[PDB]
Structure formats: C-alpha cells, structure tokens
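Notes for the one structure printed next.
Chains as they are written, first to last, in this note's numbering: chain A, 1 to 284; chain B, 1 to 230; chain C, 1 to 101; chain D, 1 to 85.
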C-alpha cells in the first residue's frame with residue numbers, strides 16, 4: 001500500500017542502515033583494543049620459547065614426552081570459534097578447512113577427536129557428529145587463561161597417556177586489518193626447529209629443586225600460552241570480519257532504500273493521476 | 001537591454017512558482033488536467049519562457065533560476081521539464097558553510113554541460129576533472145581516517161589528503177558585496193588565473209605552503225604573498 | 001643494577017631496574033642481588049617484594065610462576081592460578097553428556 | 001492571531017466551490033486554493049512608522065505596528081506532501 005506502508009518500510013531500512021553504520025565503528029574500535037592485547041602476549045611466549053630452547057638444545061640434552069618424537073595412531077585438534085554471529089564466513093571457512101584435514105587422517109584410518117572453544121564450533125561439529133571431548137564458551141571480550149587450563153589439561157592428559165599422538169591448534173590469524181587467514185598449527189609434540197648457543201648452557205643455571213620439574217612445568221606453561229595467544233588472535237580476527245560485514249550491510253541497505261524510493265515515487269504520482277481522472281469524469 | 005547590445009543576467013526567483021501559477025490559471029479556465037494534475041500546456045509554457053533566453057548576434061541574456069523539487073522527487077513533471085532546459089546546476093550546501101568556506105558551493109554535485117573538451121578546451125577539462133577526482137578520493141579517505149585513523153593512511157594517501165585540504169580552502173573567495181562580513185577587500189579572479197592555480201596545486205608546485213595560505217586569498221599569486229607573512 | 005620483569009601470558013605486570021628482591025622460592029625463601037649467578041626456580045604463592053632504583057619499596061602478590069636470573073636480568077613468568085587443582089576436567093565431563101543428550 | 005485548522009477552512013471553501021460548480025483541481029480543491037491562504041497570511045505583517053502615521057492621519061507618529069500569525073495545519077499521516085500542507 002504505497003500511500004501507507006512503503007513509506008514505513010523505507011523508514012525501517014533507513015533506521016537499520018543507521019544502526020549498522022554504527023556497528024562498523026564499534027567493531028573497528030574493539031579490533032584496535034584486541035590488537036594491543038595481542039601484542040602484549042607475544043613477549044611472554046617468546047621469552048618462554050627461549051628458555052625451552054636453552055634446555056632442550058643445550059649441550060646436555062633432555063627427554064620429555066611433550067617434546068620427544070612419537071609415531072601416530074590417533075590425532076587431535078582444538079578449535080576456536082565465535083560466540084556471536086555476523087562476522088561473515090569466518091567460522092565456516094575454518095571449519096571446512098578442518099574437515100578437509102580431519103578427513104585426510106580418517107582416510108589414513110587414524111581416529112580423530114576435538115576440543116572446542118566457542119559455541120559456533122560446538123553446534124557445527126555436533127551437526128557433523130565429530131567426537132568432541134571438551135568445551136568452553138562465553139568468554140566474550142576479555143577472555144582469560146584460567147578458562148583454557150581446563151581444555152588443555154584434558155588434551156595434555158590424553159596426549160601423554162598415548163590416547164593422543166599429535167595435537168594441533170585450529171585458528172584464524174590476524175595478518176593485518178584488511179586480511180585474515182584460517183590456519184592449523186601443531187602443539188604436541190613440540191614442532192619448533194632446533195637452535196644453538198654457547199654462552200647459554202656454558203654460564204649454566206643453578207636449578208631448584210631440579211632440572212626435570214622445571215622442564216615439565218615449563219612445557220605445560222608454554223603450550224598453554226600458545227593457545228591463549230591463538231584465542232586472542234582469533235578474537236581480533238572476529239572484530240575485523242564483523243567490521244567488513246557491517247560495511248556490506250550498510251551499503252546493501254543504502255542500495256535498497258533508493259530502489260524503494262523510485263518505486264514509491266511511481267505510486268505517489270500514479271494515484272494523483274488516477275483520482276483526478278475520476279473527479280473530472282464524475283463531473284459529467 | 002540585449003537589443004542595446006549588452007550581455008544581461010535574468011534572475012528568476014522560483015521557476016517552480018511559474019509552473020504552479022500556470023496550473024492555477026488553467027484550472028480556473030477549466031482545461032483537462034494532465035499527469036500528476038499539471039496543466040496540459042506545461043511543456044509549451046516552459047518552452048515559451050526558456051527559449052527567449054538565448055544568445056543573439058546582437059547580445060545575450062543569461063539566466064540564473066532558483067529550483068524547487070516538489071517532494072525531493074526528481075521525476076515529477078515540473079523538475080523533469082525544467083531540467084531539460086538547464087545547462088548548469090549549482091548546489092549550495094550548509095555542510096560547506098559550516099567549514100566557514102564561502103561561497104558555499106559543493107564542487108562534487110555542481111555540474112555544467114559546457115565542461116567538455118570541445119567547449120572549454122582540454123586544459124580546463126583536465127584541471128576540473130583533476131579537482132573532482134581528488135575531492136572524491138578525499139571524501140573516501142575521510143571514512144578511513146574516521147573509522148580507523150591516520151596511521152592506516154599511506155604516504156601517498158596522506159599527500160592527496162594534504163592537497164585536498166589545500167584545494168578545498170583555495171575554493172573560498174572574498175566578495176565585494178560581503179566586505180562588511182569578512183573585513184577583507186573583495187577579489188575578482190580571471191578564468192586563466194583559477195585554472196593555473198588549481199593546475200599548480202595538483203602538479204605539486206606550491207605543495208610547501210601552509211593550508212591557511214590558501215583560504216580566502218584570491219588567486220594563487222596572492223597565496224605566495226600570504227604565506228610569506230602567515 | 002639488574003632489570004626486573006614481571007609478566008604473564010595475559011599482560012606485563014611490571015618492568016624496571018631493581019637493586020634487590022625478596023622472592024619465595026620452591027624450596028625456601030630467596031633474595032636476589034646484582035651479579036648473582038644464573039638461577040632457575042618455580043615460586044610459591046605469595047608476595048614478591050622489590051626495591052627499585054633509589055631503594056623504593058614495592059610488593060606484588062603472585063599466584064605462582066617461574067623465576068629465572070641471568071647476568072643483568074631477572075624475569076618472573078607469573079601465571080593466574082595454581083592449576084594443580086585440575087578440577088576443570090569436570091568441565092569437560094558436561095562437554096560429553098551435552099553432546100550425547 | 002491564531003488560526004486553528006486552516007485545513008478546515010480549505011475543506012469549507014472546497015465544499016462551496018463544488019456546490020457552485022466551479023472546476024476542480026488536485027485533491028478536488030478549486031484552482032485558486034493557494035490564493036485563499038496566501039492572501040490571508042500575507043496580511044500578517046510589520047508596518048513601518050510612516051505607514052502608521054499616514055493611516056492614523058498623524059495622531060500616532062513614533063510606533064510601528066504588527067500582526068503575528070500562527071496558523072495550524074493537520075497532516076493526516078505524517079505527509080507534508082499533500083496539497084494544502
């Protein structure tokens with residue numbers, strides 16, 4: 001009813017466009033805040049990687065399950081995902097890349113299972129029916145490491161006891177503001193390339209109580225730090241993907257309003273033209 | 001006046017009211033109305049006025065006409081008939097007047113169909129096409145600056161922003177009739193002076209002056225005098 | 001003097017030059033002084049306390065962590081909690097039943 | 001002066017015009033419906049001291065006079081594009 005409702009419909013789209021125009025700026029600010037948090041986490045992990053390098057590849061060379069090579073009979077992943085919608089295809093892209101590798105090990109007859117961060121991943125993989133052993137959800141902004149100790153400890157327990165022989169983290173990477181990429185990278189066993197030194201392990205550390213407890217706890221903390229950092233970097237990628245999705249929603253809404261207006265002006269003009277034909281015809 | 005051999009301006013203070021007065025007269029005469037209810041003679045009544053405003057071997061009348069759009073509907077018969085007769089459109093906006101820029105003419109929505117290589121020549125055409133492309137780009141980068149900030153902006157993109165602020169200010173001018181507001185004496189700028197000035201800034205000579213050296217100045221030869229003391 | 005960091009995977013807690021610390025070691029209480037030979041320990045829950053340059057006194061509570069020492073550097077890799085409860089395995093128990101139900 | 005519902009005055013003048021069989025315009029209002037409101041509202045004016053002096057034959061000299069008008073219009077449904085509005 002162009003005289004009546006097309007008029008309101010335009011108002012509803014105009015209001016919707018004004019809102020999404022604002023959400024693009026919210027997302028672009030949260031992306032900045034997450035980007036600072038992302039950078040702070042890198043120096044703790046990079047320091048800890050230096051310590052395990054010094055003890056692992058030091059002149060006396062130690063042995064540990066999380067560090068040593070093992071052949072594969074079961075493979076494990078843990079996966080990060082959003083608790084909120086919008087953000088384009090970000091989750092689905094990562095999930096289909098995960099299914100591609102999960103199918104690759106399945107073709108090798110290698111059993112797989114998943115640990116899960118975020119309720120989108122919970123829902124998709126229950127819909128697939130892939131084995132999910134652990135879950136955490138509802139972090140929002142400001143996620144905390146304390147939550148994530150749960151998920152890693154049961155994956156750690158699985159890996160050490162043989163139930164798992166490889167473990168990977170599945171997450172998106174914040175290349176920059178404009179581009180983000182879904183990636184999978186290994187946690188257990190420790191994949192990192194060897195390194196070499198003289199001063200380190202020549203001016204060797206006094207150990208307390210002993211160098212074995214300090215290798216065990218240190219590895220436990222390192223892989224924990226690796227998945228905290230992946231969680232933060234995926235969160236930065238969520239805000240970036242939402243910022244872009246709100247740009248499209250704002251331009252799409254602006255494209256619809258103008259087509260609804262050309263349609264309305266036709267109805268506005270036609271009804272004037274009809275009713276004057278009636279008034280003049282009725283003045284017989 | 002034109003028959004005396006002068007060139008003349010005719011100001012029409014609302015061409016829309018000429019149209020509506022014809023609708024009122026023809027309804028009182030009781031002719032059959034037309035689409036949207038206008039008079040059936042609408043296109044001839046516009047043509048009878050507009051075709052007398054032309055350039056004769058003796059001299060010419062040029063016209064500046066205030067236009068009103070009946071519902072902001074540009075397809076309505078009164079706009080649609082009027083637009084067929086206009087050669088140029090000048091849009092004044094309060095957003096530019098908020099910048100204190102006067103005259104408050106929007107350079108991106110104002111148009112002329114004389115602005116073509118075969119009429120104004122290639123130097124003018126390229127200069128105005130340049131300014132339009134720079135001011136269009138700056139209005140894009142204002143979104144990036146706002147949503148993300150100046151860190152995002154490259155060293156080439158900073159150069160178009162720095163030039164667009166200079167171009168935008170150099171569009172301002174003091175009018176002889178405005179002197180009681182500005183307290184600066186009015187300036188008249190010849191076409192060759194303005195083309196050369198904007199051609200200047202776009203080619204990146206005068207890049208080094210402060211952006212306030214261009215505001216309200218006049219022609220570009222006076223901007224180098226202003227920058228020497230500003 | 002030496003340069004103390006206090007850091008966690010979430011955050012830098014402190015950074016600055018320090019004349020001495022007292023810090024609660026794995027086997028007992030410990031003090032670190034300039035040029036002390038390289039040292040590694042876990043640290044207990046409790047206070048680490050510091051004097052910055054000019055001997056200005058500062059106390060930080062830590063849930064735990066690892067202390068290490070190098071020529072010119074002390075770094076404490078603190079963490080949020082003991083983690084030794086491991087009661088968060090229970091949090092994985094409903095991850096299963098909610099998938100089966 | 002406050003004119004309440006000038007839109008009601010226009011409806012009255014339309015009724016008179018249609019009963020007097022005068023040709024209809026848009027929305028059935030007569031051709032001179034603009035002339036009805038325009039000549040009414042243009043009377044609201046401020047007049048200079050020399051007009052007041054001339055009209056009163058000089059018994060009032062230093063004063064301007066004015067009439068201020070607040071007409072009311074009722075838009076049927078947030079439509080300011082109707083004819084009378």
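In this text, a Cβ means the ideal position worked out from N, Cα and C, and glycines have one as well.
Asked: Cutoff 8 Å; reference residue 256/A; Cβ partners in own chain excluding five residues on either side; Found: 13
Asked: Among 162/B, 3/B, 87/B, 79/B, the one whose alpha carbon lies nearest that of residue 207/B; Found: 162/B
Asked: Residue 143/B versus residue 79/A: straight-line alpha-carbon distance, rounded; Found: 35 Å
Asked: Residue environment, residue 67/D, which counts as buried when at least 16 other CB atoms sit within 10 Å; Found: exposed
Asked: Cβ contact (3+ pairs, closer than 8 Å) linking the stretch 62–73 of chain C and the stretch 38–50 of chain C; Found: yes
Asked: Partner residues on chain B for residue 259/A, Cβ-Cβ distance less than 7 Å; Found: Chain B residues near residue 259/A: none, gap ~14 Å exceeds 7 Å.
Asked: Assigned secondary structure, residue 225/B (DSSP; H/G/I helix, E/B strand, else coil); Found: helix
Asked: C-beta neighbour in chain D for residue 24/B, strict 8 Å; Found: yes
Asked: Beta-carbon contacts of residue 87/A that lie in its chain and below 7 Å, excluding the five residues immediately before and after; Found: 238, 241, 242, 245
Asked: Assumed close pair residue 49/B, residue 18/B - CB separation to whole angstroms, cut-off 8 Å; Found: 7 Å
Asked: Every unbroken alpha helix (DSSP H) within the stretch 113–186 of chain B, with a cutoff of 4 residues, ordered by chain; Found: 117–120, 122–147, 157–170, 179–182
Asked: Residue 38/B, buried or exposed, once every other Cβ within 10 Å from all chains shown has been counted against 16; Found: buried
Asked: Contact set between the stretch 16–41 of chain B and chain A, restricted to residues whose Cβ is under 8 Å from the partner; Found: 32, 33, 35, 36, 37
Asked: Cutoff 8 Å: residue 276/A Cβ touching any chain D Cβ; Found: yes
Asked: Pick from 98/B, 5/B, 35/B, 122/B that is closest to residue 59/B, judged by C-alpha positions; Found: 5/B
Asked: Contact with chain A by residue 145/B, beta-carbon distance below 8 Å; Found: no
Asked: Opposing strand residues paired with residue 51/C [DSSP bridges]; Found: 20/C, 57/C
Asked: Coil, strand or helix - residue 5/C by DSSP; Found: strand
Asked: Unbroken beta strand (DSSP E) run spanning residue 11/B, endpoints; Found: 7–12
Asked: Short Cβ contact (8 Å threshold) for residue 4/C with residue 14/C; Found: yes
Asked: Residue 69/A versus residue 19/C - alpha carbon distance; Found: 44 Å
Asked: Opening and closing residue of the alpha helix (DSSP H) in which residue 52/B lies; Found: Run containing residue 52/B: none; DSSP gives neither H nor E here.
Asked: Beta-carbon proximity check, residue 92/C vs residue 134/A, cutoff 8 Å; Found: yes
Asked: Chain D contact for residue 1/A (CB, 8 Å cutoff); Found: no
Asked: Counterpart residues of residue 125/A in DSSP-defined beta bridges; Found: Answer by DSSP bridge pairing: none, since residue 125/A is not bridged.
Asked: Interface residues of chain B facing residue 88/D [CB-CB closer than 7 Å]; Found: With chain D covering 1 to 85 only, the question about residue 88/D has no answer from this structure.
Asked: Residue-level contact to chain B via CB, residue 249/A, 8 Å cutoff; Found: no
Asked: 8 Å Cβ cutoff met for residue 253/A and residue 17/A; Found: yes
Asked: Burial state of residue 150/A (16 or more Cβ within 10 Å); Found: buried
Asked: Residues bridged to residue 68/C (per DSSP); Found: 40/C, 75/C
Asked: Environment of residue 161/A [buried if 16+ CB atoms lie within 10 Å]; Found: exposed
Asked: Within chain B, partners of residue 265/A - CB distance below 7 Å; Found: 73, 75
Asked: DSSP-derived helix/strand/coil call for residue 95/B; Found: helix
Asked: Neighbour flag for residue 180/A against chain B, beta carbons, 8 Å; Found: no
Asked: Three-state class that DSSP yields for residue 172/A in the structure shown; Found: strand
Asked: At least 3 beta-carbon pairs within less than 8 Å: the stretch 184–196 of chain A vs the stretch 23–34 of chain D; Found: no
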